Amino acid sequence: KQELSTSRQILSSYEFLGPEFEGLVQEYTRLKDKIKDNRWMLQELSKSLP
Amino acid sequence: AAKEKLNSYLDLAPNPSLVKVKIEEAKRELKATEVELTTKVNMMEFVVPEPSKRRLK
């Protein structure tokens with residue numbers, strides 16, 4: 001009950017920066033996820049050179 | 001449910017202008033990793049004769 005109360009207090013400070021910020025955060029998050037996927041794909045092709 | 005919603009916000013300074021810069025940096029990094037992935041794919045072609053259709057060594 002104490003941990004839930006602290007986390008809910010911090011989230012309330014970011015939610016105050018508007019929908020536009022949330023859009024940016026969503027975009028950033030999407031891009032980081034694609035970079036992570038491409039790096040992961042390059043690593044898997046090198047192990048296969050027999 | 002409340003902690004998971006907080007970890008998505010931490011790499012981003014609460015400043016929109018600075019976030020746009022981080023987004024542009026992430027777009028450059030995505031183009032470089034895509035070129036490296038295409039080159040390694042082409043060298044793929046020549047090596048010749050011979051052995052069946054088949055073989056070990």
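Every read-out reported here was derived from the displayed coordinates using simple, explicitly stated rules and does not represent laboratory data. We place every Cβ from the backbone using ideal geometry, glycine too, and count neighbours over all the protein chains shown.
Quick notes on this structure:
- Test result for B:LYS5, touching a helix residue (DSSP H, G or I) at 6+ places or on another chain (Cβ under 9 Å), more than 17 Å from A:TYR14 (Cβ to Cβ) and within 8 Å of chain A (Cβ to nearest Cβ): no
- Only one of A:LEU24, A:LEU49 that is at the interface with chain B (Cβ under 8 Å from one of its Cβ atoms) and hydrophobic (A, V, I, L, M, F, W, C): A:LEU24
- Per-region count, the stretch A:35-44, residues loosely packed, with under 13 Cβ neighbours inside 10 Å and touching a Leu at 6+ places or on another chain (Cβ under 8 Å): 1
- Of note, A:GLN26 does not satisfy the criterion of being more than 17 Å from B:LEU6 (Cα to Cα) and among the polar types (S, T, N, Q).
- Subset of chain B (residues that are part of a loop (DSSP other than H, G, I, E, B), more than 30 Å from A:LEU4 (Cα to Cα) and among the charged types (D, E, K, R)): B:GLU45, B:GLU50, B:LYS53, B:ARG54, B:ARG55, B:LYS57
- Residue in the stretch B:39-53 that is of a type outside the set (A, V, I, L, M, F, W, C) and closer than 30 Å to A:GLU22 by Cβ present: no
- Residue in the stretch B:21-31 that is over 25 Å from the mean Cα position of the chain (by Cα) and more than 29 Å from A:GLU44 (Cβ to Cβ) present: no
- Selection status of A:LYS32, of a type in the set (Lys, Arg), assigned to a helix (DSSP H, G or I) and surrounded by 14 or more Cβ atoms within 10 Å (Cβ to Cβ): yes
- B:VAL41 vs. criteria loosely packed, with under 11 Cβ neighbours inside 10 Å, within 9 Å of another protein chain (Cβ to nearest Cβ) and within 16 Å of the chain's Cα centre (by Cα): yes
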